[PDB]
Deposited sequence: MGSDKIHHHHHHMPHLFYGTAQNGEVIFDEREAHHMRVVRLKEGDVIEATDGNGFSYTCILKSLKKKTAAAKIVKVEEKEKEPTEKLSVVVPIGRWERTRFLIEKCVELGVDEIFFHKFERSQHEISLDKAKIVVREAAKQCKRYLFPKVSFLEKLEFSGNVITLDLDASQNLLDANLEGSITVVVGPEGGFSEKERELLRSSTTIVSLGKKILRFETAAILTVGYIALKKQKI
């Protein structure tokens, strides 16, 4: 049971080139009943009409609201770094029920991110996890926040299980080359700080928090 992604309007869902290729791979055809999401919490049961090289369109039969906006958000600051790390962190954020991703370039990174690429990673992950309401993605200029913030310092574990998790939480995943001293002063003074393989620490940290917050 595959879940496609498109834009609903005027009784149809329209699909971009990327989706049409994915449908040709599953070898669908005109007449087939399919399920799409718009990424804002809705599910559409549709009959495929057109499948062409760079586009497709299906007629909507049924809509179900599958997920509503949460009252308390889980936010993660993802460092703009080597693509393999960045793609991983974004995928895990979809997976672990994060509501908002914020991309920050820490002082020791010279990387950039394409926000359109990040949205594709979110889309493809969500289609796999059957997540109807996609996390939002934004740039973040400054390490300035409100509410409860937890910082994952990758170069040191601190006590995660002692941390207070009351209310809305932002988790700040640290950069590969480490916080500069300016960043560290800024984050010690404003957040709560908490050695394993990068991929394991990130899953365990964000995943424990999501668990406790019942985001998963």
Deposited residues absent from the coordinates (by C-alpha): 1 to 13, 208 to 212
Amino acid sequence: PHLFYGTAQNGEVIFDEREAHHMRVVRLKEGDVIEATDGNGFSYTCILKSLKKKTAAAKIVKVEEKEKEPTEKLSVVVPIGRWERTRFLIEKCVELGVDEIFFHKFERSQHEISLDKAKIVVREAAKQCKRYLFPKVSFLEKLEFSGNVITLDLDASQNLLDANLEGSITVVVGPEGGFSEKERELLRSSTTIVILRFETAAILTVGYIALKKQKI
From here on, numbers count along this sequence of modelled residues.
Residue range whose averaged C-alpha B-factor is higher in the record, 43 to 51 or 154 to 162: 154 to 162
Selected stretch [higher average CA B-factor]: 67 to 75 or 118 to 126: 67 to 75
B-factor third for the C-alpha atom of residue 59 within its chain: middle
Third of the chain's Cα B-factor distribution that residue 33 belongs to, per the entry: middle
Where the record places residue 132 (Cα B-factor, split into thirds across the chain): middle
Where the record places residue 146 (Cα B-factor, split into thirds across the chain): highest
Among modelled residues of the same chain, the CA temperature factor third for residue 177: middle
